[PDB]
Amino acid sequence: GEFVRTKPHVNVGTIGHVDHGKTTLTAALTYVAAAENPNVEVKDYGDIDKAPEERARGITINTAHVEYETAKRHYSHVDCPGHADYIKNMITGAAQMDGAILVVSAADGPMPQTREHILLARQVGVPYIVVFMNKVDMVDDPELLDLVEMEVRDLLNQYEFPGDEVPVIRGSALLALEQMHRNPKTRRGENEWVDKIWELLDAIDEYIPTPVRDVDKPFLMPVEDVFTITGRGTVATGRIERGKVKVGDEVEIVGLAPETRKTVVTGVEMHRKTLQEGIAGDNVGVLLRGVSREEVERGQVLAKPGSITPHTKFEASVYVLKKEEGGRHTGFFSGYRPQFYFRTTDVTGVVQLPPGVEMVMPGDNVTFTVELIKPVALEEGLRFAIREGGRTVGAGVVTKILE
């Protein structure tokens, strides 16, 4: 139907190591919220991990977006894969979050992608984290639980999150999900597992603030995914970063292609509900006229025409991870060609070191220039991650644009 704004909107999502329970939690959240609010459609496990390749491999691969709401706010929730081979998709999801739910298995404790997701969430600008300690149903010993919490809090401190301050909710996504299946009308106060989900929801309501958003600046929406709707056309999805978009607006597709191209917006939706106007913070799908799904792609940005100039070469201040932070064992030279991650963009770039800087070692803080093989929407102060051969190697921020 039509989208009615009644509440402040916030984007959250789930991150954390493979199998720790991100998707089960995502599903439990929709079920628990739906019992209090009739506007919430429940999403089952299989509705989220829906792709044939996900069924085949038994993991989340694609980000999924689900909707739910509390009395306080409206939420779009991005569920991210935890598998190490799909970090690229996790980063794109994280780039949409005003807050992340870090799911950590009580039975396993923090694992390498617990660490890596925290680090990367930061480098695409996730400002707040709530922790959900999942699978406590499997853990008898309260001392392990305390140990796990202790480890998570400290790990978050390592990446300059306020680890001692974040809410840590202990529960079981699966047992809440099960209770909601047996009684979908189960309200708060009736069941201890479901009430842990309410504890998570309260914590999200109150600890993750509604972001300050600029609706007056030029329209800008990083593209997350692109698909063809049969009978309607090409839809580009994403979180609107700033400004507003209305059906009928001309927009520019910026980045990744040699030339910027224009199109007209012909539809705007949030969770398959019609938006009169999309605004900063909205998680939308934008129908684009006269372009195929081979002419818009992840990592481009939709922008007010002439508001953004795509760039290829910049200076950056970079920290290179130590091996004990998931980084590489050895260093690199000029000519190193890793992947660079800016918002939803992933682009091969060439490290070019200063005269005199022969080598960069793990644990170094350094400045160098980068040349991307494709132009990308960039600006000074933009944070980015560096990855190569399937591992995270560094974090940086743009200091100056050059070309």
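Note that residue numbering follows the sequence shown and begins at 1.
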May I ask you to compare 384-392 and 21-29 by their mean CA B factor in the entry and name the higher one? 384-392
Averaging the C-alpha temperature factors as deposited, the higher value of 375-383 versus 12-20 falls on 375-383
Looking at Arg242, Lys262, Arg239, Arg115, which has the highest CA B-factor as recorded? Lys262
Of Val347, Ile59, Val66, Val360, which one's C-alpha B factor is largest in the deposited record? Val360
Relative to the other modelled residues of the same chain, rank the CA B-factor of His83 and answer lowest, middle or highest third. lowest
Chain-relative CA temperature factor third for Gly189: highest
When the deposited Cα B-factors of this chain's modelled residues are ordered and cut into thirds, is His329 in the lowest, the middle or the highest one? highest
If you rank the chain by CA B-factor, which third does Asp98 end up in: lowest, middle or highest? lowest
Sorting the chain's CA B-factors, does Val301 end up in the lowest, middle or highest third? lowest
